[PDB]
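Engineer: The structure under discussion is supplied below as structure tokens; questions concerning it will follow.
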Amino acid sequence: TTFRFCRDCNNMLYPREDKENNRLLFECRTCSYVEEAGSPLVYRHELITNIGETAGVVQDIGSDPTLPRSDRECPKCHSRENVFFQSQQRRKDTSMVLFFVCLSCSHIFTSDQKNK
Amino acid sequence: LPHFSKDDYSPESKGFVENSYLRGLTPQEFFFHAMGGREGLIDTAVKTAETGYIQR
Amino acid sequence: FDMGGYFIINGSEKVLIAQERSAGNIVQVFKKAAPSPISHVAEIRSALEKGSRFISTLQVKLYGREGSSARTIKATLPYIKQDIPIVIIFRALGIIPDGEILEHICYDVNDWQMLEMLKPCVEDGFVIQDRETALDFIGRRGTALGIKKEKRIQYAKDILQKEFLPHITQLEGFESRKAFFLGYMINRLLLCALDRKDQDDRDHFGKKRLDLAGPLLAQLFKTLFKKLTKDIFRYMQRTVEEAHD
Amino acid sequence: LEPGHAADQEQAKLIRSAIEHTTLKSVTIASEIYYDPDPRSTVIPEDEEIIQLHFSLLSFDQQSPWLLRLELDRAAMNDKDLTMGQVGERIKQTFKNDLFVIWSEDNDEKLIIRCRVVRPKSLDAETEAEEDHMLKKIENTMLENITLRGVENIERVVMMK
Amino acid sequence: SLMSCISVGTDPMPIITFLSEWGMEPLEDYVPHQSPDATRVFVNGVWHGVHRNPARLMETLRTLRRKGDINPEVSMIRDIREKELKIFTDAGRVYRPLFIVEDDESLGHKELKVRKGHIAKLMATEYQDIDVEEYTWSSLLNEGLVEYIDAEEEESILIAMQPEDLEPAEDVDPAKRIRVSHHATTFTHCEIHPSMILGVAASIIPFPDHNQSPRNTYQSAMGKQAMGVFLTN
Amino acid sequence: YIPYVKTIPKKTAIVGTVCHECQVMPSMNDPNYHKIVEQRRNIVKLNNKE
Amino acid sequence: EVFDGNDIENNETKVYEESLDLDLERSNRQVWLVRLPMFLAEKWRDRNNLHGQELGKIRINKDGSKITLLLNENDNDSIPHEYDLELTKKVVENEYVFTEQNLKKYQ
Amino acid sequence: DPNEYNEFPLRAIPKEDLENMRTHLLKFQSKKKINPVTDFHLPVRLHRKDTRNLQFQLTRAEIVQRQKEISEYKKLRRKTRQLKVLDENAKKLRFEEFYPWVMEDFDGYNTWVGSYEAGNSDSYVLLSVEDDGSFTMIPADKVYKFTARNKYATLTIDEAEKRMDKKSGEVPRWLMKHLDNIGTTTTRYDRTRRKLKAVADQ
Ligand SMILES: [Zn+2]
Ligand SMILES: [Zn+2]
């Protein structure tokens, strides 16, 4: 969705249409600053979303002693050490798919075999 | 409990008492069984009161 | 073999049973049932362990349900009688730019979902664009009726300084900390609203506190000593006025 | 079920689908608001074929440049036997003739519904500000208060023997 | 419980000063957009600032608490996933002690810091009363062999039930209980003894683990109505 | 406009513009190092109250 | 030091014998904003000190990227004589230093 | 060590000039580089004044023009009360910071209001680079965060609150631009420049 903020007063820009060119601009509601749009998308509602599945991954995730260890193979470095966890979204509609984080390259993969 | 790893769904992790009373319960099984018994006791008390009111 | 731990009052041994209470200065997010205009509420029972011993509760409510076309966030402040928009509170705290407000709330440049849910707040608080107007807007809502037209700004400032998040500080010159903490509360509330975290468990023993004979006698003695000092002042006034020794 | 078809499962599913209340919210993934200079060409690569087909085979001069896009789930529309024609006609009859909608066929790799609000002969300058806001409002209403098929106050139905 | 205790609370200002001097950036100049990796530092529920290396900060804090520079009752929790470091000093928190587990690469596997020499000195001090240098529970706490843990800090630790089988890296008597090893090599603490979860009344029941829990509750209630010798005076 | 604002004039002058923000940290390879470590440990170890 | 506001009567000419405008003459002066530890600040911010004595020296590498402070031997061998200046912000914007003094009230 | 490095003397600031003077930090809060030497319209005044109604206050240029045109034209209590103990330091801070710093340029193009920051008021220390290669040390006193005021013609409390009432009466999207076309709700800078130009044209 790429929200854009004003360049002069750091306020929030809003979409507007210019009929002279029949184009889309983003203008600030208080300072009169305009900028041509880059994409035609201005709104998105994600009723079924996968954002937050891997939230919480940090450079020191492996330092957590509570995370379970696994022997699965990371298919980018051929390593056997990794820490896996379930989806972090608490909605009662998600699958039990596991997400594995490699302790050698910090890569994240999944155990899904249906859609991947 | 603070003895298993995060996101553990095994029976021993979610409260399956494998042992019997004759053998004896391991500490985790003991705690889970105590939780169940507490549920039963609370149900007993509340249901006693409500049933008394209903009967009256 | 006697172990003590009790008091002897009028010859009867008395033991003070520990009292369990919910811990303070912790933000807790709760979900509300369907028959209500509030879906999620983030509450903090601001408490200070030393100096005044009074408790002030701050609540941030997300009005509207999942089927509504506009869900805004409103915060209830002490002695205001009404819930003020978070954007207006931020402007009164000194952050007029909407970009800076969203920086204080959301810490990721790609969390467009949370920014989308935050759009209504800035839309609602669009009219107010400066600290003086925000301060007077908050002030006139207060239940004082002594401030006529010019002390409104100072009254709102004093409220936001001494009665808003007192556990952080009560001295002038710490608006940034208050703004950051408010943004943290709103961020947690928005996470719960987006269903990325579950509502805080009220039975968690880590959020509970056990008050022993120490704190109980401490607060009782605080009250009694306040009464004693009041009586001393009353005697001083009486002697000075009625011309007594 | 009727005594003459109690043992049948296909008719059981038919009646269950005829009584269960399903809304577009249950068979859509996301809704988007797009800007298109004219109602004859598109910027989305995918809908280029759909617009060409429907426009070629068959008013459109006064269609608004703001477009409302719904992305529908085939896995959601296969759990309950639904086809794009029924939902398209449902949308077209919720608002009789005050907005134009096109829908891709089931054979398409992705399922998308495109809608455009049609403006009247009179030109309103004050409504331009809330044009997108009106689009979001109609999106919410068409997501919540639309009864594709079924009876009101019916959450879910389960077939048992 | 038998080994449960309630903290009396201390002053947080020294901890605030320590955090400030050890690299806790003030909250007045924290810009999230230019540092989307900092860990937020909380003290008694107050967001005091952010830190860039929470690993080193927590290591130093834990070492100080273990050796006795910071009051052991102070609770410290590091939420790695949430990028938060919470320090609690207020009174009223319930905690209990636990053994400390360290790598101890000498044996190649994690083991309890407490050793048989320590136990020998403890027992010597116990029996000399009925004169070697005093060696008490405070001595253990100051030597960092045991650590007080509250419910909040318990959220971020892994506890081994017993050192007999869970600590060693890894026929069976048919009468013995079926115990799950859990095959975990990341233990940070060990229970002193599970039998300490019970209370005063529940510690009189013999073999309570062979009983139904409601019977244990009934016995706990009734044992307070049994005749004995309440006092010698 | 408003005819009175009640200002408070004062003598002020700009005497520099900040260009670099520096943090002073004791060198890890200094012979007098680790004295500050003891002092900082004492900052928390010592208790003022009686 | 209270005084009128707009002052449309031109009272400043006689009330104050000095210019009331901000003096923008020394603004073109490089300044370093340095954060010191508690032990060093407790002796560098003292008012009963700072008589103009030499507190030490600054050593900067010719190629840059490393700056150090070398204090003199006046510390009483109680604190390190060598420190590192970590540049938290190589480029700093919108930061200035201004003074504040009273004005002459006569003539 | 070799002489590859560069060393400069570090000297203390004489205390004879540090008395009766306080050195503070000024921090402009904006995303664009601000330089009062070139960007501002000299002269510039930095004083203390009430910030209430900081939209209809006479500009310095307007006051000068007003002076010119004026010259041309003329050519019982309760006797017993309780006072609450309050720390002297805090009381002095409140009295001194009651009127925040205001920095206004000549034409009103820039008008900044400062707020006191207590997080790191004293921890900082200033090092001034003398014009000889040496450095001079000065302690810091206070930190002030300056924010711009009335740059895009902010509305008033009455109008804003009257516009917030009533669900159905939603705020128009481009109201600021539409009203700016009407001429009402302008800034001090524009209001002063237009009138000064109307005088200059004659
Ligand atoms: Zn703008
Ligand atoms: Zn890998």
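By convention in this document, the chains of the structure tokens carry letters A, B, ... by their order, each chain's residues are numbered from 1, and ligands are numbered from 1 in the order they are shown.
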With only C-alpha atoms and all ligand atoms counted, collect every polymer residue having an atom within 12 Å of ligand 2; state the result as a list in words.

Structural biologist: residues 71, 72, 73, 74, 75, 76, 77, 78, 79, 80, 81, 82, 83, 100, 101, 102, 103, 104, 105, 106, 107, 108 and 109 of chain A

Engineer: Put those residues in a file: N, CA and C atoms, as a PDB file, in the first residue's frame.

Structural biologist:
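Output file out_38.pdb is given in full below:
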ATOM      1  N   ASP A  71      16.269 -31.663  13.432  1.00  0.00           N
ATOM      2  CA  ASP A  71      17.326 -32.217  12.594  1.00  0.00           C
ATOM      3  C   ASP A  71      16.992 -32.095  11.111  1.00  0.00           C
ATOM      4  N   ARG A  72      16.027 -31.249  10.762  1.00  0.00           N
ATOM      5  CA  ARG A  72      15.648 -31.077   9.370  1.00  0.00           C
ATOM      6  C   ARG A  72      16.777 -30.408   8.589  1.00  0.00           C
ATOM      7  N   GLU A  73      16.792 -30.660   7.284  1.00  0.00           N
ATOM      8  CA  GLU A  73      17.838 -30.152   6.408  1.00  0.00           C
ATOM      9  C   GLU A  73      17.416 -28.817   5.809  1.00  0.00           C
ATOM     10  N   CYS A  74      18.298 -27.830   5.901  1.00  0.00           N
ATOM     11  CA  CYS A  74      18.042 -26.528   5.300  1.00  0.00           C
ATOM     12  C   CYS A  74      18.398 -26.582   3.818  1.00  0.00           C
ATOM     13  N   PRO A  75      17.439 -26.390   2.901  1.00  0.00           N
ATOM     14  CA  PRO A  75      17.753 -26.578   1.479  1.00  0.00           C
ATOM     15  C   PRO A  75      18.379 -25.352   0.829  1.00  0.00           C
ATOM     16  N   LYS A  76      19.302 -24.702   1.538  1.00  0.00           N
ATOM     17  CA  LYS A  76      20.176 -23.701   0.932  1.00  0.00           C
ATOM     18  C   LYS A  76      21.616 -23.778   1.410  1.00  0.00           C
ATOM     19  N   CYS A  77      21.904 -24.477   2.508  1.00  0.00           N
ATOM     20  CA  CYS A  77      23.266 -24.629   3.002  1.00  0.00           C
ATOM     21  C   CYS A  77      23.598 -26.045   3.441  1.00  0.00           C
ATOM     22  N   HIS A  78      22.632 -26.964   3.474  1.00  0.00           N
ATOM     23  CA  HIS A  78      22.870 -28.350   3.870  1.00  0.00           C
ATOM     24  C   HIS A  78      23.375 -28.426   5.313  1.00  0.00           C
ATOM     25  N   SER A  79      22.549 -27.915   6.221  1.00  0.00           N
ATOM     26  CA  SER A  79      22.813 -27.954   7.651  1.00  0.00           C
ATOM     27  C   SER A  79      21.700 -28.723   8.349  1.00  0.00           C
ATOM     28  N   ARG A  80      22.018 -29.249   9.533  1.00  0.00           N
ATOM     29  CA  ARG A  80      21.090 -30.080  10.284  1.00  0.00           C
ATOM     30  C   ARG A  80      20.580 -29.432  11.562  1.00  0.00           C
ATOM     31  N   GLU A  81      21.155 -28.311  11.986  1.00  0.00           N
ATOM     32  CA  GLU A  81      20.713 -27.616  13.188  1.00  0.00           C
ATOM     33  C   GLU A  81      19.748 -26.500  12.813  1.00  0.00           C
ATOM     34  N   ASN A  82      18.634 -26.424  13.535  1.00  0.00           N
ATOM     35  CA  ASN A  82      17.621 -25.414  13.259  1.00  0.00           C
ATOM     36  C   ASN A  82      16.595 -25.425  14.382  1.00  0.00           C
ATOM     37  N   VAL A  83      15.881 -24.307  14.502  1.00  0.00           N
ATOM     38  CA  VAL A  83      14.841 -24.127  15.509  1.00  0.00           C
ATOM     39  C   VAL A  83      13.522 -23.868  14.798  1.00  0.00           C
ATOM     40  N   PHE A 100      10.784 -23.351  10.093  1.00  0.00           N
ATOM     41  CA  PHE A 100      12.120 -23.677  10.570  1.00  0.00           C
ATOM     42  C   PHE A 100      13.074 -22.535  10.247  1.00  0.00           C
ATOM     43  N   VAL A 101      13.925 -22.199  11.214  1.00  0.00           N
ATOM     44  CA  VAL A 101      14.949 -21.175  11.069  1.00  0.00           C
ATOM     45  C   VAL A 101      16.302 -21.850  11.229  1.00  0.00           C
ATOM     46  N   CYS A 102      17.182 -21.637  10.254  1.00  0.00           N
ATOM     47  CA  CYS A 102      18.504 -22.241  10.265  1.00  0.00           C
ATOM     48  C   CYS A 102      19.463 -21.392  11.087  1.00  0.00           C
ATOM     49  N   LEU A 103      20.279 -22.056  11.900  1.00  0.00           N
ATOM     50  CA  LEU A 103      21.230 -21.377  12.768  1.00  0.00           C
ATOM     51  C   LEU A 103      22.571 -21.121  12.092  1.00  0.00           C
ATOM     52  N   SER A 104      22.723 -21.500  10.824  1.00  0.00           N
ATOM     53  CA  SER A 104      23.966 -21.301  10.091  1.00  0.00           C
ATOM     54  C   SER A 104      23.881 -20.218   9.030  1.00  0.00           C
ATOM     55  N   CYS A 105      22.701 -19.997   8.446  1.00  0.00           N
ATOM     56  CA  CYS A 105      22.519 -18.968   7.432  1.00  0.00           C
ATOM     57  C   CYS A 105      21.345 -18.044   7.721  1.00  0.00           C
ATOM     58  N   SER A 106      20.634 -18.240   8.831  1.00  0.00           N
ATOM     59  CA  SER A 106      19.509 -17.385   9.205  1.00  0.00           C
ATOM     60  C   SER A 106      18.403 -17.414   8.156  1.00  0.00           C
ATOM     61  N   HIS A 107      18.272 -18.530   7.444  1.00  0.00           N
ATOM     62  CA  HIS A 107      17.216 -18.692   6.456  1.00  0.00           C
ATOM     63  C   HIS A 107      15.999 -19.355   7.085  1.00  0.00           C
ATOM     64  N   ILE A 108      14.821 -18.973   6.599  1.00  0.00           N
ATOM     65  CA  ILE A 108      13.553 -19.484   7.102  1.00  0.00           C
ATOM     66  C   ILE A 108      12.874 -20.272   5.993  1.00  0.00           C
ATOM     67  N   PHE A 109      12.499 -21.511   6.297  1.00  0.00           N
ATOM     68  CA  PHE A 109      11.712 -22.337   5.390  1.00  0.00           C
ATOM     69  C   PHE A 109      10.531 -22.913   6.161  1.00  0.00           C
TER      70      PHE A 109
END

Engineer: Per residue of chain H within 12 Å of ligand 1, record the nearest atom pair and its distance in Å to one decimal, counting only C-alpha atoms and all ligand atoms, with rows in chain order and ascending residue number, as a Markdown table.

Structural biologist:
| residue | atom | partner | partner_atom_place_in_ligand_line | distance |
| --- | --- | --- | --- | --- |
| H:31 | CA | ligand 1 | 1 (Zn) | 11.5 |
| H:151 | CA | ligand 1 | 1 (Zn) | 10.1 |
| H:152 | CA | ligand 1 | 1 (Zn) | 8.3 |
| H:153 | CA | ligand 1 | 1 (Zn) | 11.7 |
| H:176 | CA | ligand 1 | 1 (Zn) | 11.5 |
| H:177 | CA | ligand 1 | 1 (Zn) | 11.9 |

Engineer: What residues in chain C lie within 7 Å of chain E, counting only C-alpha atoms, written as a ChimeraX atom specification?

Structural biologist: /C:25-26,107,168,176-177,181,205-206,209-211

Engineer: Keeping only N, CA, C and O atoms, take the residues you just selected and write them out as a PDB file, in the first residue's frame.

Structural biologist:
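The resulting file, selection-v9.pdb, is shown below:
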ATOM      1  N   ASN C  25       1.209  -0.927  36.574  1.00  0.00           N
ATOM      2  CA  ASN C  25       2.209  -0.446  35.623  1.00  0.00           C
ATOM      3  C   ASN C  25       2.493  -1.475  34.533  1.00  0.00           C
ATOM      4  O   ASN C  25       3.610  -1.556  34.017  1.00  0.00           O
ATOM      5  N   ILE C  26       1.487  -2.269  34.175  1.00  0.00           N
ATOM      6  CA  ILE C  26       1.590  -3.239  33.092  1.00  0.00           C
ATOM      7  C   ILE C  26       0.390  -3.055  32.175  1.00  0.00           C
ATOM      8  O   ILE C  26      -0.751  -2.990  32.643  1.00  0.00           O
ATOM      9  N   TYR C 107       6.562   0.976  14.544  1.00  0.00           N
ATOM     10  CA  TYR C 107       8.014   1.039  14.428  1.00  0.00           C
ATOM     11  C   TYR C 107       8.546   0.362  13.170  1.00  0.00           C
ATOM     12  O   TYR C 107       9.765   0.233  13.021  1.00  0.00           O
ATOM     13  N   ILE C 168       5.523   7.003  35.019  1.00  0.00           N
ATOM     14  CA  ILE C 168       6.735   7.365  34.288  1.00  0.00           C
ATOM     15  C   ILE C 168       7.451   8.507  34.996  1.00  0.00           C
ATOM     16  O   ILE C 168       8.632   8.404  35.347  1.00  0.00           O
ATOM     17  N   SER C 176       8.324  13.423  25.770  1.00  0.00           N
ATOM     18  CA  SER C 176       8.732  12.392  24.823  1.00  0.00           C
ATOM     19  C   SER C 176       8.482  10.998  25.383  1.00  0.00           C
ATOM     20  O   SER C 176       8.004  10.109  24.668  1.00  0.00           O
ATOM     21  N   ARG C 177       8.806  10.784  26.660  1.00  0.00           N
ATOM     22  CA  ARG C 177       8.564   9.480  27.271  1.00  0.00           C
ATOM     23  C   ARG C 177       7.077   9.156  27.299  1.00  0.00           C
ATOM     24  O   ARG C 177       6.675   8.022  27.013  1.00  0.00           O
ATOM     25  N   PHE C 181       5.384   5.984  25.391  1.00  0.00           N
ATOM     26  CA  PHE C 181       4.617   4.976  26.118  1.00  0.00           C
ATOM     27  C   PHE C 181       3.199   4.862  25.571  1.00  0.00           C
ATOM     28  O   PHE C 181       2.655   3.756  25.455  1.00  0.00           O
ATOM     29  N   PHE C 205       0.036 -15.753  37.084  1.00  0.00           N
ATOM     30  CA  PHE C 205       0.576 -15.427  38.398  1.00  0.00           C
ATOM     31  C   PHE C 205       1.715 -14.421  38.325  1.00  0.00           C
ATOM     32  O   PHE C 205       2.032 -13.792  39.339  1.00  0.00           O
ATOM     33  N   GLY C 206       2.340 -14.259  37.158  1.00  0.00           N
ATOM     34  CA  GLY C 206       3.389 -13.266  37.009  1.00  0.00           C
ATOM     35  C   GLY C 206       2.884 -11.841  36.995  1.00  0.00           C
ATOM     36  O   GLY C 206       3.657 -10.918  37.273  1.00  0.00           O
ATOM     37  N   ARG C 209       0.340  -9.861  42.426  1.00  0.00           N
ATOM     38  CA  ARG C 209       1.189  -9.485  43.545  1.00  0.00           C
ATOM     39  C   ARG C 209       0.525  -9.918  44.841  1.00  0.00           C
ATOM     40  O   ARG C 209      -0.701  -9.857  44.971  1.00  0.00           O
ATOM     41  N   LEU C 210       1.339 -10.356  45.796  1.00  0.00           N
ATOM     42  CA  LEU C 210       0.869 -10.761  47.114  1.00  0.00           C
ATOM     43  C   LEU C 210       1.299  -9.707  48.123  1.00  0.00           C
ATOM     44  O   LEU C 210       2.499  -9.488  48.325  1.00  0.00           O
ATOM     45  N   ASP C 211       0.324  -9.058  48.752  1.00  0.00           N
ATOM     46  CA  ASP C 211       0.591  -8.038  49.756  1.00  0.00           C
ATOM     47  C   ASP C 211       0.645  -8.693  51.130  1.00  0.00           C
ATOM     48  O   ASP C 211      -0.357  -9.241  51.602  1.00  0.00           O
TER      49      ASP C 211
END

Engineer: Distance cut-off 9 Å, counting only C-alpha atoms - which residues of chain H neighbour chain E? Return them as a CSV table (one decimal) with N, CA and C atoms, in the first residue's frame.

Structural biologist:
chain,number,residue,atom,x,y,z
H,117,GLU,N,13.6,20.0,27.5
H,117,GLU,CA,13.8,18.6,27.6
H,117,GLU,C,14.6,18.3,28.8
H,118,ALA,N,14.1,17.4,29.7
H,118,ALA,CA,14.8,17.0,30.9
H,118,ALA,C,15.5,15.7,30.8
H,119,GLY,N,15.4,15.0,29.7
H,119,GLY,CA,16.1,13.7,29.6
H,119,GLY,C,17.6,13.7,29.7
H,120,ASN,N,18.2,14.6,29.0
H,120,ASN,CA,19.6,14.7,28.9
H,120,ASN,C,20.0,16.2,28.9

Engineer: I need the contact residues of chain C against chain A, so if you could list those with any atom within 9 Å, counting only C-alpha atoms, and return them as number ranges by chain, that would help.

Structural biologist: C: 96-100, 109-110, 112-113, 115-116, 122, 195-198

Engineer: Counting only C-alpha atoms, what is within 6 Å of residue 95 (chain G), bar same-chain residues fewer than 6 positions away, as a CSV table (one decimal) with N, CA and C atoms, in the first residue's frame?

Structural biologist:
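Printed below is out36.csv as written:
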chain,number,residue,atom,x,y,z
F,18,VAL,N,26.2,22.5,16.0
F,18,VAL,CA,26.8,21.2,16.3
F,18,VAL,C,27.0,20.4,15.0
H,26,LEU,N,19.8,24.0,21.1
H,26,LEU,CA,18.6,24.3,20.3
H,26,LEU,C,18.5,23.2,19.3
H,27,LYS,N,17.4,22.6,19.2
H,27,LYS,CA,17.2,21.5,18.3
H,27,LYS,C,15.9,21.7,17.4

Engineer: So which residues of chain F fall under helix (DSSP H, G or I) by DSSP, listed as a ChimeraX atom specification?

Structural biologist: /F:35-45

Engineer: Could you list the residues in chain F lying within 7 Å of chain E, using only C-alpha atoms, and format the result as a list in words?

Structural biologist: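 Here they are: residues 40, 41, 43, 44 and 45 of chain F.
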
Engineer: Looking only at the backbone, which of the residues in region 13-67 of chain G does DSSP tag as strand (DSSP E), as number ranges by chain?

Structural biologist: G: 23-24, 30-35, 54-61, 67

Engineer: Got a sec to pull out which chain H residues are within 10 Å of chain D, counting only C-alpha atoms, and send them as a PDB file with N, CA and C atoms, in the first residue's frame?

Structural biologist:
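out_31.pdb, written as the output of this step:
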ATOM      1  N   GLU H 170     -19.247  15.027   8.277  1.00  0.00           N
ATOM      2  CA  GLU H 170     -17.846  14.632   8.211  1.00  0.00           C
ATOM      3  C   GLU H 170     -16.989  15.766   7.655  1.00  0.00           C
ATOM      4  N   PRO H 172     -14.711  17.768   5.340  1.00  0.00           N
ATOM      5  CA  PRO H 172     -14.341  17.685   3.920  1.00  0.00           C
ATOM      6  C   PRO H 172     -12.848  17.445   3.727  1.00  0.00           C
ATOM      7  N   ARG H 173     -12.523  16.753   2.632  1.00  0.00           N
ATOM      8  CA  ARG H 173     -11.159  16.284   2.406  1.00  0.00           C
ATOM      9  C   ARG H 173     -10.203  17.438   2.114  1.00  0.00           C
ATOM     10  N   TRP H 174     -10.579  18.328   1.195  1.00  0.00           N
ATOM     11  CA  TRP H 174      -9.709  19.403   0.724  1.00  0.00           C
ATOM     12  C   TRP H 174     -10.189  20.756   1.243  1.00  0.00           C
ATOM     13  N   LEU H 175     -10.694  20.755   2.476  1.00  0.00           N
ATOM     14  CA  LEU H 175     -11.255  21.968   3.055  1.00  0.00           C
ATOM     15  C   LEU H 175     -10.194  23.046   3.209  1.00  0.00           C
TER      16      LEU H 175
END

Engineer: When the cut-off is 10 Å and we count only C-alpha atoms, which residues of chain A are near chain E, given as an NGL selection string?

Structural biologist: :A and (55-69)

Engineer: Using only C-alpha atoms, find which residues of chain F lie within 6 Å of chain H and jot them down as a list in words.

Structural biologist: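 The answer, sorted by residue number, is residues 1, 2, 7, 8, 9 and 10 of chain F.
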
Engineer: Tell me, as a PyMOL selection string, which residues lie within 12 Å of region 155-160 of chain H, counting only C-alpha atoms; anything in the same chain fewer than 4 positions away does not count.

Structural biologist: (chain A and resi 30) or (chain C and resi 88+124-140+149+152-153) or (chain H and resi 52-56+149-151+164-165+170-171+175-176+179-180+184-187)

Engineer: Restrict the distance test to only C-alpha atoms, flag each residue of chain G within 12 Å of chain E, and return the flagged residues as a list in words.

Structural biologist: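 Written out as asked, the residues are residues 35, 36, 37, 38, 39, 40, 88 and 89 of chain G.
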